[PDB]
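*Asks:* I'd like to ask you about the structure that follows.
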Amino acid sequence: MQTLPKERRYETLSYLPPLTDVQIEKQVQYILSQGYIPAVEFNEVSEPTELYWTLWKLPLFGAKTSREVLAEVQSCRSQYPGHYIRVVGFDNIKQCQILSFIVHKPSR
Amino acid sequence: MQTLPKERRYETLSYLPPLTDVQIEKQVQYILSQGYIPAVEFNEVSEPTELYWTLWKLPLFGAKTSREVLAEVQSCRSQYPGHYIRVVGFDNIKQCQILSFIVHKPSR
Amino acid sequence: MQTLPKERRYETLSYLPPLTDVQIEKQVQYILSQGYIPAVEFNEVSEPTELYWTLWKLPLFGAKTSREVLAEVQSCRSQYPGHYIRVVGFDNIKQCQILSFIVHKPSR
Amino acid sequence: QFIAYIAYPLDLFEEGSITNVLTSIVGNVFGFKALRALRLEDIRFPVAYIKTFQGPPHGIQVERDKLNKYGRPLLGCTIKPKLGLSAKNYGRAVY
């Protein structure tokens, strides 16, 4: 028998082993193939109580390739190393978020 | 005349001097002789407000000797040197705890 | 014109310059002359919200001289150098405290 | 000196009322001219009558879970004197 260790979790895809750059690219590719709008959000602290995160620039309405989204993540990462960063996908028809996952944690 | 010093106390058997390893074995022997089920519980902070401590593995339903419980206490102690550790005893008929005492305090 | 400096106060006789050992002796002499029972109290923090201070030993029911009271203050002061210490005076007939003043503050 | 055993039907008593069962049985049989002394030794409540009552608000097992106190008897203290102390003095003795 084994006792489960105490660990802080970050909603969707946080129980799987940490996402590689290839894996993130595949998740973004899913958003664009369906027809949803990708966006980058950042925050100082991650808490269950707070539900709003600061919006980086504007939602990418004119995205042709998944490389454009990854370039916006790299820009937010270099500017804010000590902030959490997540990728969200907006639907216009149903008016609800389809996907949300954290790509960066505060480095040390 | 003397003034009583301010000290923080931990429920049952905290006013007695800190328990020897033989003294722990004798208390566990009581739980098994009566027919109750022994279990080990651990927590980060000791507060009067909180009434749930994290359960170490499962309750030991099949225990023949008091030595088996002591080996489980030593395992949790070596794993968590900075946690509070206590030994509880469950009754199945009355559906209530019959004994609870602290075996380990956070080391320095 | 002069602007008043921000300073924390301690009830009665806190606005007067710090009391000398002769001045404290005269204030205790007042308590015994009226026929009130002198008692010593000590506390870790000085807050307006809290109204109970931990009693030092017991009330001095059989005090003949003011030297006996000051000797009890010195005993508490040597034991607790970082605690606030005050002298109180109980009246039995009115059933109310008549005088209460601070004699020691935490050193550095 | 004799013990008398008396049976009472369930339907005559009010549901969930100690006041009624006390007023009916030990009402005015005491203070009778035909007998010098009377004493009630014991009473039996049937299951059907017990189910009408609420009982204790919590009980032994629930109380210990709320207080978080297991293994030992609980320790109490009564403040002396009974009548005389101030409200401020009462609280200091409690503390």
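Residue numbering restarts at 1 for every chain of the structure tokens, chains are lettered A, B, ... in their displayed order, and ligands are numbered from 1 as they appear.
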Could you list, as a PyMOL selection string, every residue within 12 Å of residue 39 in chain D, counting only C-alpha atoms and ignoring same-chain residues fewer than 5 positions away?
*Replies:* chain D and resi 1-4+25-26+29-31
*Asks:* Running DSSP on the backbone, which parts of chain B land in strand (DSSP E or B), as a list in words?
*Replies:* residues 37, 38, 39, 40, 41, 42, 43, 54, 55, 84, 85, 86, 87, 88, 89, 90, 97, 98, 99, 100, 101, 102, 103 and 104 of chain B
*Asks:* Would you save the residues of that selection, restricted to N, CA, C and O atoms, as an mmCIF file, in the first residue's frame?
*Replies:*
```cif
data_model
loop_
_atom_site.group_PDB
_atom_site.id
_atom_site.type_symbol
_atom_site.label_atom_id
_atom_site.label_comp_id
_atom_site.auth_asym_id
_atom_site.auth_seq_id
_atom_site.Cartn_x
_atom_site.Cartn_y
_atom_site.Cartn_z
ATOM 1 N N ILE B 37 -9.890 -1.295 16.267
ATOM 2 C CA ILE B 37 -8.992 -1.219 15.106
ATOM 3 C C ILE B 37 -8.046 -0.010 15.222
ATOM 4 O O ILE B 37 -8.517 1.129 15.320
ATOM 5 N N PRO B 38 -6.713 -0.256 15.216
ATOM 6 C CA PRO B 38 -5.725 0.825 15.321
ATOM 7 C C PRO B 38 -5.401 1.493 13.981
ATOM 8 O O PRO B 38 -5.380 0.825 12.941
ATOM 9 N N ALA B 39 -5.150 2.803 14.026
ATOM 10 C CA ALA B 39 -4.828 3.604 12.837
ATOM 11 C C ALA B 39 -3.881 4.763 13.160
ATOM 12 O O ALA B 39 -3.885 5.286 14.278
ATOM 13 N N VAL B 40 -3.077 5.151 12.169
ATOM 14 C CA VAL B 40 -2.109 6.248 12.301
ATOM 15 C C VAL B 40 -2.574 7.458 11.485
ATOM 16 O O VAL B 40 -2.924 7.323 10.309
ATOM 17 N N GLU B 41 -2.581 8.629 12.124
ATOM 18 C CA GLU B 41 -2.976 9.889 11.481
ATOM 19 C C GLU B 41 -1.894 10.957 11.613
ATOM 20 O O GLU B 41 -1.234 11.056 12.651
ATOM 21 N N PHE B 42 -1.729 11.754 10.558
ATOM 22 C CA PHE B 42 -0.718 12.817 10.522
ATOM 23 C C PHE B 42 -1.252 14.142 9.964
ATOM 24 O O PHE B 42 -2.161 14.153 9.129
ATOM 25 N N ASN B 43 -0.671 15.248 10.433
ATOM 26 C CA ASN B 43 -1.080 16.601 10.041
ATOM 27 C C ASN B 43 0.080 17.591 10.128
ATOM 28 O O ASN B 43 1.032 17.383 10.886
ATOM 29 N N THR B 54 -4.938 13.968 8.132
ATOM 30 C CA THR B 54 -4.709 13.101 6.972
ATOM 31 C C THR B 54 -4.374 11.679 7.423
ATOM 32 O O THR B 54 -3.518 11.476 8.291
ATOM 33 N N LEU B 55 -5.071 10.712 6.831
ATOM 34 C CA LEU B 55 -4.940 9.304 7.193
ATOM 35 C C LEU B 55 -3.752 8.661 6.484
ATOM 36 O O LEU B 55 -3.636 8.729 5.257
ATOM 37 N N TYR B 84 3.025 16.537 12.780
ATOM 38 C CA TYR B 84 2.422 15.943 13.973
ATOM 39 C C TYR B 84 1.880 14.559 13.626
ATOM 40 O O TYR B 84 1.271 14.381 12.570
ATOM 41 N N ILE B 85 2.110 13.585 14.506
ATOM 42 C CA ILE B 85 1.655 12.202 14.285
ATOM 43 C C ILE B 85 0.936 11.670 15.531
ATOM 44 O O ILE B 85 1.446 11.795 16.649
ATOM 45 N N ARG B 86 -0.248 11.091 15.322
ATOM 46 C CA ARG B 86 -1.041 10.490 16.401
ATOM 47 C C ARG B 86 -1.555 9.084 16.067
ATOM 48 O O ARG B 86 -1.656 8.714 14.895
ATOM 49 N N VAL B 87 -1.876 8.318 17.111
ATOM 50 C CA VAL B 87 -2.421 6.964 16.974
ATOM 51 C C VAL B 87 -3.868 6.944 17.484
ATOM 52 O O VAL B 87 -4.132 7.291 18.641
ATOM 53 N N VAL B 88 -4.788 6.544 16.607
ATOM 54 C CA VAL B 88 -6.223 6.462 16.932
ATOM 55 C C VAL B 88 -6.741 5.017 16.971
ATOM 56 O O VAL B 88 -6.125 4.113 16.394
ATOM 57 N N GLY B 89 -7.868 4.815 17.654
ATOM 58 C CA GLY B 89 -8.516 3.505 17.747
ATOM 59 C C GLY B 89 -10.010 3.575 17.493
ATOM 60 O O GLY B 89 -10.739 4.235 18.239
ATOM 61 N N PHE B 90 -10.458 2.889 16.442
ATOM 62 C CA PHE B 90 -11.867 2.874 16.044
ATOM 63 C C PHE B 90 -12.623 1.668 16.593
ATOM 64 O O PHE B 90 -12.111 0.544 16.579
ATOM 65 N N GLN B 97 -14.550 6.734 18.350
ATOM 66 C CA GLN B 97 -13.146 6.588 18.747
ATOM 67 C C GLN B 97 -13.021 6.388 20.256
ATOM 68 O O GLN B 97 -13.707 7.055 21.040
ATOM 69 N N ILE B 98 -12.138 5.471 20.649
ATOM 70 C CA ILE B 98 -11.974 5.086 22.058
ATOM 71 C C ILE B 98 -10.654 5.605 22.647
ATOM 72 O O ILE B 98 -10.553 5.811 23.857
ATOM 73 N N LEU B 99 -9.654 5.814 21.788
ATOM 74 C CA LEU B 99 -8.355 6.354 22.204
ATOM 75 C C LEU B 99 -7.689 7.169 21.097
ATOM 76 O O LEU B 99 -7.756 6.803 19.920
ATOM 77 N N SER B 100 -7.060 8.275 21.496
ATOM 78 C CA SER B 100 -6.287 9.139 20.601
ATOM 79 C C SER B 100 -5.187 9.856 21.386
ATOM 80 O O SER B 100 -5.474 10.585 22.341
ATOM 81 N N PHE B 101 -3.936 9.635 20.982
ATOM 82 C CA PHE B 101 -2.769 10.248 21.633
ATOM 83 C C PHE B 101 -1.618 10.529 20.668
ATOM 84 O O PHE B 101 -1.356 9.736 19.759
ATOM 85 N N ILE B 102 -0.936 11.654 20.883
ATOM 86 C CA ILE B 102 0.167 12.098 20.018
ATOM 87 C C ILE B 102 1.491 11.388 20.339
ATOM 88 O O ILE B 102 1.948 11.391 21.489
ATOM 89 N N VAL B 103 2.081 10.774 19.312
ATOM 90 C CA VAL B 103 3.357 10.050 19.436
ATOM 91 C C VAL B 103 4.572 10.858 18.967
ATOM 92 O O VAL B 103 5.694 10.609 19.421
ATOM 93 N N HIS B 104 4.345 11.814 18.067
ATOM 94 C CA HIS B 104 5.427 12.604 17.482
ATOM 95 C C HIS B 104 5.054 14.067 17.255
ATOM 96 O O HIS B 104 3.965 14.379 16.763
#
```
*Asks:* Which residue out of D:9, D:59, D:73, D:16 has the minimum interatomic distance to residue 12 in chain B when only C-alpha atoms are used?
*Replies:*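 Comparing D:9, D:59, D:73, D:16 against residue 12 in chain B, the winner is D:73.
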*Asks:* Got a sec to tell me which of chain A DSSP assigns to helix (DSSP H, G or I), as a PyMOL selection string?
*Replies:* chain A and resi 21-34+66-79
*Asks:* Hey, which bits of chain C sit within 8 Å of chain D, and for each residue what's the closest pair of atoms and how far apart in Å (one decimal), counting only C-alpha atoms, rows by chain and increasing number, as JSON lines?
*Replies:*
```
{"residue": "C:52", "atom": "CA", "partner": "D:92", "partner_atom": "CA", "distance": 7.3}
{"residue": "C:95", "atom": "CA", "partner": "D:86", "partner_atom": "CA", "distance": 6.4}
{"residue": "C:96", "atom": "CA", "partner": "D:86", "partner_atom": "CA", "distance": 7.7}
```
*Asks:* Using N, CA and C atoms, can you export the residues from the last selection as a PDB file, in the first residue's frame?
*Replies:*
```
ATOM      1  N   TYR C  52      -8.176  40.952  29.680  1.00  0.00           N
ATOM      2  CA  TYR C  52      -7.607  40.054  30.683  1.00  0.00           C
ATOM      3  C   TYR C  52      -6.095  39.915  30.550  1.00  0.00           C
ATOM      4  N   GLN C  95     -16.625  46.248  45.065  1.00  0.00           N
ATOM      5  CA  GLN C  95     -16.415  45.135  44.120  1.00  0.00           C
ATOM      6  C   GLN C  95     -16.026  45.647  42.716  1.00  0.00           C
ATOM      7  N   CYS C  96     -14.935  46.414  42.693  1.00  0.00           N
ATOM      8  CA  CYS C  96     -14.416  47.064  41.491  1.00  0.00           C
ATOM      9  C   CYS C  96     -12.943  47.416  41.682  1.00  0.00           C
TER      10      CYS C  96
END
```
*Asks:* Can you list every residue of chain B that has an atom at most 9 Å from chain A, with its nearest atom pair and the distance in Å to one decimal, using only C-alpha atoms, ordered by chain then number, as a Markdown table?
*Replies:*
```
| residue | atom | partner | partner_atom | distance |
| --- | --- | --- | --- | --- |
| B:55 | CA | A:3 | CA | 8.4 |
| B:56 | CA | A:3 | CA | 6.2 |
| B:57 | CA | A:3 | CA | 5.0 |
| B:58 | CA | A:1 | CA | 8.4 |
```
*Asks:* Go through A:78, A:83, A:70, A:46 one by one, measure the shortest atom-to-atom distance of each to residue 23 in chain A using only C-alpha atoms, and give the residue with the smallest value.
*Replies:*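 The answer is A:70, which sits nearest to residue 23 in chain A.
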*Asks:* Pick out the closest residue to residue 60 in chain D from this set: B:94, B:67, B:105, B:9. Count only C-alpha atoms.
*Replies:*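 That would be B:94, the residue with the smallest distance to residue 60 in chain D.
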*Asks:* Quick one: everything within 6 Å of residue 29 in chain A, counting only C-alpha atoms, minus sequence neighbours fewer than 3 positions away in the same chain. Send it as an MDAnalysis selection string.
*Replies:* chainID A and resid 26 32 66
